[PDB]
Structures are given as C-alpha cells and as structure tokens.
Amino acid sequence: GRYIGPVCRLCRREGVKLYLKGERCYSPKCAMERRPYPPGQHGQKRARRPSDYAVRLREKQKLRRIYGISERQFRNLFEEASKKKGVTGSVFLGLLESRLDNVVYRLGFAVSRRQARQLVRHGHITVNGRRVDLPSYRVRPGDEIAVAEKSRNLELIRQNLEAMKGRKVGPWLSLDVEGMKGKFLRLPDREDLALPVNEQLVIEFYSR
Amino acid sequence: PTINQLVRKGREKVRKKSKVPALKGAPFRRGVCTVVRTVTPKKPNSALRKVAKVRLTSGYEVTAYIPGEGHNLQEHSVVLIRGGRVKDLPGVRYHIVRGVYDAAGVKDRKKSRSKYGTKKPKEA
Amino acid sequence: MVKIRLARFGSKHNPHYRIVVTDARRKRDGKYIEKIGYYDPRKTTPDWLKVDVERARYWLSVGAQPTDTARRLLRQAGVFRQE
Amino acid sequence: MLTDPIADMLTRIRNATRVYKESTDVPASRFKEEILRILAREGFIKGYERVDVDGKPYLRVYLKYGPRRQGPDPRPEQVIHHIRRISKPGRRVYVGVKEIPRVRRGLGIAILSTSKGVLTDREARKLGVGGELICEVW
Amino acid sequence: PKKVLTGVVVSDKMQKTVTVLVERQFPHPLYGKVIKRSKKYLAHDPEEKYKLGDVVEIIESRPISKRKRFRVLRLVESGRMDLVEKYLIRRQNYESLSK
Amino acid sequence: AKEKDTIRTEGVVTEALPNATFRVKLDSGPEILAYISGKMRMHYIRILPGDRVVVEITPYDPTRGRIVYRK
RNA sequence: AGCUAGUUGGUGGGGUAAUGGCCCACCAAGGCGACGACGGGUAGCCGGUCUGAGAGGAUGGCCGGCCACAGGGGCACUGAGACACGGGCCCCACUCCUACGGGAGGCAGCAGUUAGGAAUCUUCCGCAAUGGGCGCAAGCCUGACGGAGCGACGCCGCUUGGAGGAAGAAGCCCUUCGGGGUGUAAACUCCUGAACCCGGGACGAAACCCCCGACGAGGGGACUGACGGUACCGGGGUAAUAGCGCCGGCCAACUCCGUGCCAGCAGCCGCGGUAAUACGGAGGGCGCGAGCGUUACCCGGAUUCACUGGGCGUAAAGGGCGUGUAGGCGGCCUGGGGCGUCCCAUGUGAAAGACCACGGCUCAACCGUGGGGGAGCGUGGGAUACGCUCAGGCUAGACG
Ligand SMILES: [Mg+2]
Ligand SMILES: [Mg+2]
Ligand SMILES: [Mg+2]
Ligand SMILES: [Mg+2]
Ligand SMILES: [Mg+2]
Ligand SMILES: [Mg+2]
Ligand SMILES: [Mg+2]
Ligand SMILES: [Mg+2]
Ligand SMILES: [Mg+2]
Ligand SMILES: [Mg+2]
Ligand SMILES: [Mg+2]
Ligand SMILES: [Mg+2]
Ligand SMILES: [Mg+2]
Ligand SMILES: [Mg+2]
Ligand SMILES: [Mg+2]
Ligand SMILES: [Mg+2]
Ligand SMILES: [Mg+2]
Ligand SMILES: [Mg+2]
Ligand SMILES: [Mg+2]
Ligand SMILES: [Mg+2]
Ligand SMILES: [Mg+2]
Ligand SMILES: [Mg+2]
Ligand SMILES: [Mg+2]
Ligand SMILES: [Mg+2]
Ligand SMILES: [Mg+2]
Ligand SMILES: [Mg+2]
Ligand SMILES: [Mg+2]
Ligand SMILES: [Mg+2]
Ligand SMILES: [Mg+2]
Ligand SMILES: [Mg+2]
Ligand SMILES: [Mg+2]
Ligand SMILES: [Mg+2]
Ligand SMILES: [Mg+2]
Ligand SMILES: [Mg+2]
Ligand SMILES: [Mg+2]
Ligand SMILES: [Mg+2]
Ligand SMILES: [Mg+2]
Ligand SMILES: [Mg+2]
Ligand SMILES: [Mg+2]
Ligand SMILES: [Mg+2]
Ligand SMILES: [Mg+2]
Ligand SMILES: [Mg+2]
Ligand SMILES: [Mg+2]
Ligand SMILES: [Mg+2]
Ligand SMILES: [Mg+2]
Ligand SMILES: [Mg+2]
Ligand SMILES: [Mg+2]
Ligand SMILES: [Mg+2]
Ligand SMILES: [Mg+2]
Numbered sequence: 002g003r004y005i006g007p008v009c010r011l012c013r014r015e016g017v018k019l020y021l022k023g024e025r026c027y028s029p030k031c032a033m034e035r036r037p038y039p040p041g042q043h044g045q046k047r048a049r050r051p052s053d054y055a056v057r058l059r060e061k062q063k064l065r066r067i068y069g070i071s072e073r074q075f076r077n078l079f080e081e082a083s084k085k086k087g088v089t090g091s092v093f094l095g096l097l098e099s100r101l102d103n104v105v106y107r108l109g110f111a112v113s114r115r116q117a118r119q120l121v122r123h124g125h126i127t128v129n130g131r132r133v134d135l136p137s138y139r140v141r142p143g144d145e146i147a148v149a150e151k152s153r154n155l156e157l158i159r160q161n162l163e164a165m166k167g168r169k170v171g172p173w174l175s176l177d178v179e180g181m182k183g184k185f186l187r188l189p190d191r192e193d194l195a196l197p198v199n200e201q202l203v204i205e206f207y208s209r
Numbered sequence: 005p006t007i008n009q010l011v012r013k014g015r016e017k018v019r020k021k022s023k024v025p026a027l028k029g030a031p032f033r034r035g036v037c038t039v040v041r042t043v044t045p046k047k048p049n050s051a052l053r054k055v056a057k058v059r060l061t062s063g064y065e066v067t068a069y070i071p072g073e074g075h076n077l078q079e080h081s082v083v084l085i086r087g088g089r090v091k092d093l094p095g096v097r098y099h100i101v102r103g104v105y106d107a108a109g110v111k112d113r114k115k116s117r118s119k120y121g122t123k124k125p126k127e128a
Numbered sequence: 001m002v003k004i005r006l007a008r009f010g011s012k013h014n015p016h017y018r019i020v021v022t023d024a025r026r027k028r029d030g031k032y033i034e035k036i037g038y039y040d041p042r043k044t045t046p047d048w049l050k051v052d053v054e055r056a057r058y059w060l061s062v063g064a065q066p067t068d069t070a071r072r073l074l075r076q077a078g079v080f081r082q083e
Numbered sequence: 001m002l003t004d005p006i007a008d009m010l011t012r013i014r015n016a017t018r019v020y021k022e023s024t025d026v027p028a029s030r031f032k033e034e035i036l037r038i039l040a041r042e043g044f045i046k047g048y049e050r051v052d053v054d055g056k057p058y059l060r061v062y063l064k065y066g067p068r069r070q071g072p073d074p075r076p077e078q079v080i081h082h083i084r085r086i087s088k089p090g091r092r093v094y095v096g097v098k099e100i101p102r103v104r105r106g107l108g109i110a111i112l113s114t115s116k117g118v119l120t121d122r123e124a125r126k127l128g129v130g131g132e133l134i135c136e137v138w
Numbered sequence: 002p003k004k005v006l007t008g009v010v011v012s013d014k015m016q017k018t019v020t021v022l023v024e025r026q027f028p029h030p031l032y033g034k035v036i037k038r039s040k041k042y043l044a045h046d047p048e049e050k051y052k053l054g055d056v057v058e059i060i061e062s063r064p065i066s067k068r069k070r071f072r073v074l075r076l077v078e079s080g081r082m083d084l085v086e087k088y089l090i091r092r093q094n095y096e097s098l099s100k
Numbered sequence: 001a002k003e004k005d006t007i008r009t010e011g012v013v014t015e016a017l018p019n020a021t022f023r024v025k026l027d028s029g030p031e032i033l034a035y036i037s038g039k040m041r042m043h044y045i046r047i048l049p050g051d052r053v054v055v056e057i058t059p060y061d062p063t064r065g066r067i068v069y070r071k
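Residue numbers (the entry's author numbering), protein chains in the order written: chain D, 2 to 209; chain L, 5 to 128; chain P, 1 to 83; chain H, 1 to 138; chain Q, 2 to 100; chain W, 1 to 71.
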C-alpha cells in the first residue's frame, strides 16, 4: 500500500525537500538544511552526470513521493489525464491534487500528507456530509470536505486547525476553520502549486 | 517493387522462427533426466559448465542447463525445464528451473533467491 | 412468441435490466429485437425506470407478450393505461 | 513511352527549380494548365504563358525563387522546396473530403482533381468535395 | 434489389445457357491500386436468344442449376468478340504452363 | 557455495586434441580428455605428448579433467 | 498445375416448405483453372480482444451473434422446427453386467473422478431475483441464472500506522582511523485505531394471488430472500504482514570481503585466468510492492516484408540476352455515357465493448443511462476534373 517507512531519506535522494513530515520537515531537521546529500554509503561521493532517462525517472519519483502513491495508481492517473482533453501535464497534476487525502493535507486538516491519508482512512474526513474514507477518492469541484462531527472534538485535528488559523490555504480552495469545513471550490492548476517537479519530464518518462 | 508487383505477389509475412521447442508453446516441460554431465563451454569461456540431458513429456530429448552451484540432480531425476538457450554450451536451449520436483534450491543463496528456488532463510 | 422481458445486465449484486422485446427462445441476455426500456430494481437512481411507451405499445399490438415482471414494470410506467 | 503527363510536368518543374532555371517548358495540356493555375494562384510560380515550341503547344512556367542568400550555399531559397505526385498511374489515389491531406500542417498544399475541378486541398475542403489527389507541393 | 451485373458472353456451349464474364474494377484493399478482377457467371438463356460476344445485363435468379443462378435480363451492345477474344486467349494460355 | 572436491592427480600426456585438450593417462588409470588450465593458457605454457602434468579432476564427471600446473 | 463424368447444361420426372444434379432416366459435352482451380497443410467464423501513432500485425479465451458437433460413422422417424447432446435404429471402437444366447451405456450439462499436462475450481446453497417450459391458477420443475466456495489468476481499493524525536545510541558496514553510513530509521512520548468484540441491520420484492371495479383500466390487501445476520450503520476497541527483482553498459542503483577463466553469471555485449562498480556473501542503494520476478507466447521497438515506409554498381538483391502471350501501364483536343471517383440524403453498420458525458457502488475497478463516431455495403439524386469507356478529330510518341 503506502511508502510505509523512512521518509526524509526520500527527500535526501530526490535532492530536494518533499515535506512528508509536515512539522519536522519545516524545522531545522528535514536533513536538507542540516545535511543534504543522497543517502547511504555513497552520499558525499561524486554525483556523476545522470542519463536523460535517469533525470526523468527521478522527477517521476519526486512527484510520486510527494503525493504518496503506489506506482500503479500514479500510472493509471497519468493515463486518465492523457485520455482527458486539456494539457496532460497540468491536467495530470490537477487530478493528483484532487485526491481526497491530498486535498485534506492542503486544506490543512492534517499537517503531513501521510497524516492526512491516515485521517481519511480512519473516517475523520467527510465529503458532502458522508464518511469518505478512501484516500484515493478524487473529489469533484464544489465539494465540502469537513472533519466528521464525531472527530471535531479530537485533539489532533483541533491542533492542526489552530496551526492553520490565520495562515492561508490554497487559491483553488476555501476553508472554514470554525465549523471545520472546507470547500474544494475550483479545480487546481500548475501555477497554483509549489512543486519541485517538472511534469513535462514525468510525461516524457511515461511516453517511453 | 511496383504496386502491380505488390498486388500480384505481396509481402512474404515474416514468420517468427520458434527459438524453443519445449512444445505446446508451453512455459515449462517436466522431463526426466538421462545424463547429468559436464560440458566444456565455447571459444572464450572456460569452465566445467554443468548440464543434463532430459527426456520429455513432449517426446523430445534435450539437454537443459543446470543453474547454481551443486545439484541433487542424479540420473532418473524428474525435473522441470524452463527454456532459455544459454550462450556458451552449444545446442543447450533450456534450463532446469530449480526448486521443483527433483532439482532443489541452490543451498544458502541469500541474494537472488526466487530464481534459484531457495526458500527465505529464517532470520533469528 | 416475441416476449417483452427483462434482460439481466449490470453485475453481481448490481442487477439491472433492460425492458426488451425478444423471441422467447433466447439466452435471457441474448440478442433481443428492441431495447424499449431499462430498469434498475435497486432504485439507486432517481430515474430508476424509464420505458419508451410508444414502442412498447407497438410491440404489444403485434402481439409481443410481456413477462410478469416486465408487465408489472410496463403498468408502473403507464403502457396499459387507457384514457 | 512518356507514361505520365502530369507527373512529368511536376518533375520538369522540380528539375528546373533545382538548377534555378528562370523558366521551364512543358508540353501543353488542359489538365496541366489547370494544375499550373492552382500552383500560380497559391504562389509556387510567377505564372505561365503558353508558347509554341517547335510546332507544338508548350507552357513556359516562370519559376519563382527566394532572394539570393548571403553566405556559403548562395542558393536562392526555393519556394517549391519539394513537389510530389501522389496519384501516379498504377497506384491512383482518391480521398474523401475527410481523408484530404493536410500538407505540412497547412503550410504547403495538395492539388486535388475534383468533380468541381482542379483546386487546392483548402478549396476542396471548403466545397466539401474529395477527388483524385494529384500531388503535394511545399 | 436483385443483383444486376454487366458482362460479355464468352460461351454458348450448353443448351439454354450462356457463360457471361463480368469484370469488376475494385481498389485493392491494402495497396490501393485498382485491380480489374473478373468472374464467369453461368446464365439461363431461355431461348438461346444470345450469341457469343454479346455484352449483356444479368440478374440473380432462383437457382436453375448448381452454378447457374442468373437470368439474362437484357442485352446492351452485341457482337464485341474482341472482349471474348482476350478471355479466350487467357484460357488457351494455360495449356502451356504445366508439366 | 564453491565446493572443495577436486582430485589433484598427475598424468602422462597421451595425445593432443584441438583447443588445447588432451587425452592424458593419469597416475592411477583412465584416460580422460583433459583440457588445459586457464592459468597455463595465460602464461603460454605449451604441452606436448610425452609429458607428466598435474590434472585436477571433477567429482561430477571423472571424464573431463583440467591440466592445472605447468607440467 | 491442371482438376472434374452427377462432372457441366438441357428435357422429363422424383423428392422437398421451396429453388435447385438434391436425386434419378435420357440426351448434349461441358464446367472450373496461374484474376491459382485441384491437392496438401492449417483453422471454427465474427462483434471483438491485445498491440500499434497509424496503417497494420497478431488473436477469436471470457460476454453477444452464427456455424459445426455431441464416443467414431451412417440413417431416418416424430414434429411447427432435428436427421435431434441428457429420443430412436444400425455398424464400429471402448467400458459395464450376462444363466454367454444377450443386453447397458456416453459428462464437449453442473459438480466430481482419473489420465494427459507447466497448468485450471466446489461431488456448495437457492429457486428470492431474471429467463425458460408446462398449467386456468395454485404450482411444479429449471446445475439456465442468482449466489456462496476455492485459486494474488487478472484488475481496482485498502491495511501493515501517524506527529514529534541526536548535529546522530546500539548492532551491522565502510574508513584514508578523524569519521561516514544505515538514519528520524529505531528507542521513546502523544495521537489514530486494520484486526476483533457487542448492538442494529438492508436494498435487491412486487408482481404473480385475492377482493372492490366487467375476470378491462384502476385501487386496496396478503405472502415471499439463496446470498446473509452479509453488506453497511452505531458503540466498543490493540501498533497491528514485507517482500521480490536489480545495482558493468544498455538500465534507476556501489563499496568491502570470499573467490581466482575455478565455482559461477548471462537478455545481448560479454565478465571470472588474485584489488571482480559483472561470480558468491555482506553492508549500502534503486525499482516496484501484496507482490515481485523468470519462462512461454503475441504485438511493439523491426522503415527487419517497408501501402503509409526500404532496396538491387560494390553490402542480400537486375533474369545471360532476344521476341512475345496473358496482365499491368498509357500522348493531345472535342463530345456523350458516368462504371471507377467525389458529394449529399437515407437504410444498414445488433447488444456489449471501445469514445464522450453524466449517474450508481463510501472511490475505483465494475456497472447503468444518454450521446456520438464508425471501415464497409445497400438504394435515390447529383457532380464531371481525373481514371474508364464509346464516338470524332490531331501530330509531339510509335511505325512507314
Ligand atoms: Mg494493489
Ligand atoms: Mg544474478
Ligand atoms: Mg424441376
Ligand atoms: Mg453434385
Ligand atoms: Mg444419370
Ligand atoms: Mg488436418
Ligand atoms: Mg482445429
Ligand atoms: Mg482468423
Ligand atoms: Mg461465444
Ligand atoms: Mg469424451
Ligand atoms: Mg452414438
Ligand atoms: Mg454421431
Ligand atoms: Mg434432444
Ligand atoms: Mg442422435
Ligand atoms: Mg445437428
Ligand atoms: Mg449427457
Ligand atoms: Mg464438467
Ligand atoms: Mg487428479
Ligand atoms: Mg499428472
Ligand atoms: Mg467458478
Ligand atoms: Mg434445492
Ligand atoms: Mg419465473
Ligand atoms: Mg397438481
Ligand atoms: Mg429434479
Ligand atoms: Mg454462476
Ligand atoms: Mg482477492
Ligand atoms: Mg504465484
Ligand atoms: Mg515515525
Ligand atoms: Mg486512543
Ligand atoms: Mg453482528
Ligand atoms: Mg513496528
Ligand atoms: Mg546506471
Ligand atoms: Mg548484470
Ligand atoms: Mg556482487
Ligand atoms: Mg507477473
Ligand atoms: Mg513492421
Ligand atoms: Mg515502399
Ligand atoms: Mg534495406
Ligand atoms: Mg552483391
Ligand atoms: Mg544484365
Ligand atoms: Mg519487347
Ligand atoms: Mg497487351
Ligand atoms: Mg489517357
Ligand atoms: Mg488499357
Ligand atoms: Mg454498438
Ligand atoms: Mg453503452
Ligand atoms: Mg460516482
Ligand atoms: Mg480515338
Ligand atoms: Mg523511319
């Protein structure tokens, strides 16, 4: 299922911050600020000019790592995007974002994408007033994500909301911090996202 | 070839000549050994590269190659061929897949295991 | 005897039907003559049955014979209704 | 046997352009004239007059050229960079209006003989009629 | 409609019958170049009205014999034996290519 | 695993076959087509019939020996 | 490379629902064939499926259509319909009982057995649904179907936690001896609770039936669930499976020790003949992950059968040359026909699928609804440049 394991390792590998921790990764601890070299026994060792293939692959990994998806799932999403009318690159990213867990992470209900997923999968997340426990679940625009009433009083969620209190969500989103609701208003874009990825590369990779 | 020529004769559709006659186009044939012998490899490799003549459920009598170090492979050993000509030994087009019937897991391989039929070692 | 009847479609536990006119001697899922309605028993949709009425009437007239369930469905969506 | 006229004419044009002959000359025909007209309007040529070369009706074809261009290869940039008969005798080519070739993604053209006459691909699409696809030019 | 064909009478050698020969200029599915294939049709000739080298219009009928399924509907032009001639020569040729 | 198993027995060079293969009759007995060692080949060490050579022999097939040492 | 003698056509008849050499009697001597007949091999065929940018190439499992066949081979009978899977007769082969004369069979129905095989399922529940047959109806059947089981066999969804947390414990590994690595990984605190347990509990099922109303419409009534106490919902509630391939190049990912052209690896190239980023282990890393690999097959890449889209001086490839038959191909002008060609209209292109849109399953896979597209082929009309054809003329080709 999950990546299920050492995370900031991934960050180190992809040579860039990937924020799969949410709190710690923000702090002076992401093992990029303190240290920043690809992990294992050949870390500080010379980084030889990578192949064209290699770069593409790494980009894909970065992207996949960011949205925490089994490769198969990712591939399927890509395929769907390709099939769909509109720019595959941008559209693919939009689709990825649309993922319920990812939306939750972005709305802020949870600080970490992993954490968001976990929250979703236990049933603390509710689209349109229903227990929507499927991290996969792509949400359409115009849909209200809210913490379940039975999960509003729970401390973690409250803490997250407090953290998010005042500080802004996304341009594509809306959040009501009081009622713990949050409307997935429009569908997202490319400029709307801070991503260390170049989705063109991903496309190229898939094309091969 | 002029289009009239094409019309008359057309293209000889390129028939893919089958590289393995294990038969049925079947993935594996289990045959019974005759001779586990040892063979001198071709021009640039020198070893004593092991092998087994195998007589089949497909009636053919073909020498498969045994991968891995050692083999409880004997003579009247019922064994599963795999298919995949080995470059060195001339006219040996098959393998014995290990970890089935008479052939057994290459003992205490820790790395590339599933390819040698070696069951995961019980770590303490 | 060309029947009006319910060709089963959908899936497992997803039963769906087409109100469909076919010769009696057919695979119940087989090549029917005309799909003249469809019907979902699980009533998931708001439009859980929609029968084209005129076509059904025509079929009845030539002497197509509605199967009990099919007949019921037709009645529900007013084909036998005479005003 | 001279065994295609149209193709020969096209080829003649091509050959004259390759060595920057100001004007080629090709034995006259109605069909050929029509083709030339289409070419002419499109702009692949300055135009044609119809002389009588040694007894017989002949079309001069005044080949257009891009300007004498600076540097190695002083060779005036051809306008008919490439010309190709498509329906040749033997394999004749008839395309429905839907099947009409978009030559160079729009840039050069495809001459189509239609029931409506000889007319560019564009014209064919406009009139909504296919025909025998003579050639492409770019 | 009943299938209407146009062909030349290559043979009269059976009572009340004509071997008509229909050309059918179809484009060749793969290459495109339009082939000119041709088939013999045995055609019921009610009177022996039609002689060799008659280009006729032929219609599919109920059977009136194993490989004889066509009324001769009507005549077009008659006497063009040139067309019978080519066919005949082709038929003759075979006698060569053998063992 | 790499099994230590071979027999390091000596033998008279009977006859030269191709490649650098020899039917060498051992100390104990049976003549086996014995191919020259890789090491020997590397250091160009010729052999002719009428020699006494070290021949490492297999347990799996005691019919194909291997001429190890330079005579 | 020739095949054919009921073979081909006729007349007459028989037979059939009906045409017909289907069959026969009698004539006539045809008929098919290199535009590839006959023969051999192979094979169910298609909607589709895969693959491909496409053209195409493969393939026809499952679902739908059609055929054929129900041990092999005949043959009818009955019937609306069969030459009849769970009807009949006969011969043959096999098994089964035989009081040896004789009979009994037929799983390519579901399930199962055994064999063959690399390999393929439970001697399951149910008529509740939908369909079938019969019957006034009740109802009875129904291995159709609905379901359940088993198989990571595929697809999709999910779990094996999450937040913090050292300028970095140990263990293991490298080291140039400082240190690096594994790695925030763990430990540990907090959180959440797959599992699991308790409570509830479906939708799928409203008809058929009965009454009022004419046994019509129409209205009311009453019954009925295999799955299944399942899904799901409410409460309860523990940190709770990771593996497999690879790590010379192609190809994402390197160091050490073992080893010494051995043992081995290999898809190709090729590593191994004492510093192996290629073998075996170790650490480390990369890829995917309930999978990952290998095999086999298909397409792809392979424009490597090239129609789109290759070629032939030397690389494989121009016949040794003529002269020619079939065929292919065809100069210029005018006119018709309009067969090819194009266009328009409509018919067809079933359903499913595939395309799109929405919808329903907590998402998806899956499914449903609606739309469109569609190569092709049919018919009506039209168009005339091209090709075709017929007619007329012309001299550039050709011949004289
Ligand atoms: Mg999965
Ligand atoms: Mg290996
Ligand atoms: Mg008769
Ligand atoms: Mg016959
Ligand atoms: Mg007779
Ligand atoms: Mg056969
Ligand atoms: Mg077969
Ligand atoms: Mg086929
Ligand atoms: Mg089928
Ligand atoms: Mg049987
Ligand atoms: Mg029988
Ligand atoms: Mg039979
Ligand atoms: Mg029966
Ligand atoms: Mg029978
Ligand atoms: Mg039958
Ligand atoms: Mg049976
Ligand atoms: Mg069975
Ligand atoms: Mg068994
Ligand atoms: Mg067996
Ligand atoms: Mg089953
Ligand atoms: Mg029962
Ligand atoms: Mg029923
Ligand atoms: Mg009774
Ligand atoms: Mg019974
Ligand atoms: Mg079933
Ligand atoms: Mg499963
Ligand atoms: Mg398995
Ligand atoms: Mg953690
Ligand atoms: Mg708790
Ligand atoms: Mg319960
Ligand atoms: Mg743990
Ligand atoms: Mg690499
Ligand atoms: Mg390798
Ligand atoms: Mg190694
Ligand atoms: Mg697999
Ligand atoms: Mg190809
Ligand atoms: Mg070509
Ligand atoms: Mg070539
Ligand atoms: Mg040559
Ligand atoms: Mg020559
Ligand atoms: Mg000649
Ligand atoms: Mg000729
Ligand atoms: Mg012409
Ligand atoms: Mg001609
Ligand atoms: Mg359809
Ligand atoms: Mg549909
Ligand atoms: Mg939905
Ligand atoms: Mg003329
Ligand atoms: Mg002369």
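Heads up, the beta-carbon is just placed ideally off N, CA and C, and yes, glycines get one too.
- As computed with DSSP, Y42 of chain Q is found in a beta bridge with Q:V21.
- In this structure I57 of chain W does not touch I47 of chain W by the C-beta definition: roughly 17 Å separates them, more than the 8 Å allowed.
- Secondary-structure assignment with DSSP links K54 of chain L through a beta bridge to L:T42.
- Sorting H:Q78, H:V61, H:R60, H:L59 by C-alpha distance to the C-alpha of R68 of chain H places H:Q78 at the top.
- Around the beta carbon of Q116 of chain D, 16 or more other beta carbons sit within 10 angstroms, so the residue counts as buried.
- The Cβ-Cβ distance between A56 of chain L and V40 of chain L falls below 7 Å.
- By the 16-neighbour rule on beta-carbons within 10 angstroms, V53 of chain W is buried.
- In the same chain as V92 of chain D, and ignoring 5 residues on each side of it, the C-beta atoms closer than 7 Å to its own belong to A82, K85, in chain order.
- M15 of chain Q carries a strand assignment under DSSP once its states are collapsed to helix, strand and coil.
- Bounds of the alpha helix (DSSP H) holding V203 of chain D are 200 to 208.
- Only those residues of the stretch 85 to 112 of chain H whose C-beta falls short of 8 Å from the nearest C-beta of chain L are listed: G90, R91.
- Apart from sequence neighbours up to five positions away, the residues of its chain that approach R104 of chain H with a beta-carbon distance below 7 Å are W138, ordered along the chain.
- Taking a Cβ-Cβ cut-off of 7 Å, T122 of chain L has no neighbours in chain H, whose nearest Cβ is about 59 Å from it.
- Nearest CB-CB separation between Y32 of chain Q and chain L: below the 7 Å threshold.
- The DSSP-derived three-state label of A128 of chain L is coil.
- DSSP, read as helix, strand or coil, puts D25 of chain H in strand.
- Counted as a single uninterrupted DSSP element, the alpha helix (DSSP H) harbouring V92 of chain D occupies residues 89 to 99.
- Contact between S113 of chain H and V129 of chain H is absent: CB atoms are separated by about 11 Å, not below the 8 Å threshold.
- In this chain, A20 of chain W is not harboured by any alpha helix (DSSP H), its DSSP state being neither H nor E.
- Annotation for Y62 of chain H: no alpha helix (DSSP H) segment contains it, though the beta strand (DSSP E) segment containing it runs 56 to 63.
- The Cβ neighbour count for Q62 of chain D, taken over all protein chains shown within 10 Å, is at least 16; the residue is labelled buried.
- Secondary structure in the stretch 146 to 203 of chain D: the beta strand (DSSP E) runs of 3 residues or longer, each lying completely within the stretch, are 175 to 177, 182 to 185 in chain order.
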